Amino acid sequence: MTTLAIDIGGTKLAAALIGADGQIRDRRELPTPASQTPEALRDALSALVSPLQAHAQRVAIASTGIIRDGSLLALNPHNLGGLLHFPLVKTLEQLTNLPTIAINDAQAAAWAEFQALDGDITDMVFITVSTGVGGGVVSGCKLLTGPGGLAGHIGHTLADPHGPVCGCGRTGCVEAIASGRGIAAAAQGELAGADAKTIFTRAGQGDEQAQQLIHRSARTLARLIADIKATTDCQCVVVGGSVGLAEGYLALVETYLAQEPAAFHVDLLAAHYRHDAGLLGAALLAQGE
């Protein structure tokens, strides 16, 4: 059995063929349509999966946003345009005639990271810090998606009631402070307008402000991890994404978490997959269907 694995992001629509061995084969890519209409996405998904769909027996989609009742939702619904409640699972099922599942991309990535761990771990939380902050919760070897697909949206838990307004509408989410976008938005002076990448580079050269923006991110993430430990009693936390995997970042988080009381401590690990974890995690979930 081969899974047609799809990753639906904001900028790119990716698809691959993944068999039982978990290898990524025939990796295809298309840009995400600028026009956010249901017709345009159905066109782009059909075009993306055509040359692959005869070689697969089931479809699995990792999507940015929220999947509820097989349909596309977001924390800021206005960002989807005409794609709000787009029937994502039904669309593929019509286009391919193949059984289809859809999950949030950070939930998909979480499952992949969990399966990459040793067999003794039953409870794990995954956090990705990139442009945004996403998460996924595994409890008793089961991925928690939630009845509405929201579970693990830990980037949108509170970091500071007097912090910046987040894109979701809340004041002071973890994401508004700790993400690459929040790091960049807090930048003043000669750092104003620089992206997270540049800021990490400047911090590497001993730029004090750049360093503090990153310390603030890592401190925010450490407190989140303490929160999640208190809530879920996870046995380890896997940290990924372009910010999360940036050199020295995990060490910073670990150092700040160590300052919390011993009961809130949890083992931290670097993400095993740098790329394509959503694609992989989606295919792995489709194997248990």
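A residue's number is simply how far along the shown sequence it sits, counting from 1.
K.L.:
If you average the CA temperature factors as listed in the entry, which stretch comes out higher, 191 to 199 or 113 to 121?
P.N.:
The stretch with the larger mean CA B-factor is 113 to 121.
K.L.:
Could you check which stretch, 28 to 36 or 231 to 239, carries the larger mean CA temperature factor in the entry?
P.N.:
That would be 28 to 36.
K.L.:
If you check the C-alpha B-factor for each of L45, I225, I66, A60 in the entry, which is highest?
P.N.:
Max CA B-factor in the entry, restricted to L45, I225, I66, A60: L45.
K.L.:
By the entry's C-alpha temperature factors, tell me which of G167, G180, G146, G82 sits highest.
P.N.:
Comparing C-alpha B-factors across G167, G180, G146, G82, the maximum falls on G82.
K.L.:
Comparing against every modelled residue in the chain, figure out the third that the C-alpha B-factor of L279 lands in (lowest, middle or highest).
P.N.:
Its C-alpha B-factor belongs to the middle third of this chain's values.
K.L.:
Lowest, middle or highest third: where is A271 by Cα B-factor in its chain?
P.N.:
Its C-alpha B-factor belongs to the middle third of this chain's values.
K.L.:
In terms of the chain's CA B-factor thirds, is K142 lowest, middle or highest?
P.N.:
For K142, the deposited C-alpha B-factor lands in the middle third.
K.L.:
Is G206 in the lowest, middle or highest third of its chain when residues are ranked by C-alpha B-factor?
P.N.:
As the PDB entry reports it, the C-alpha B-factor of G206 lands in the middle third of its chain.
K.L.:
C-alpha B factor of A176, ranked within the chain: lowest, middle or highest third?
P.N.:
As the PDB entry reports it, the C-alpha B-factor of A176 lands in the lowest third of its chain.
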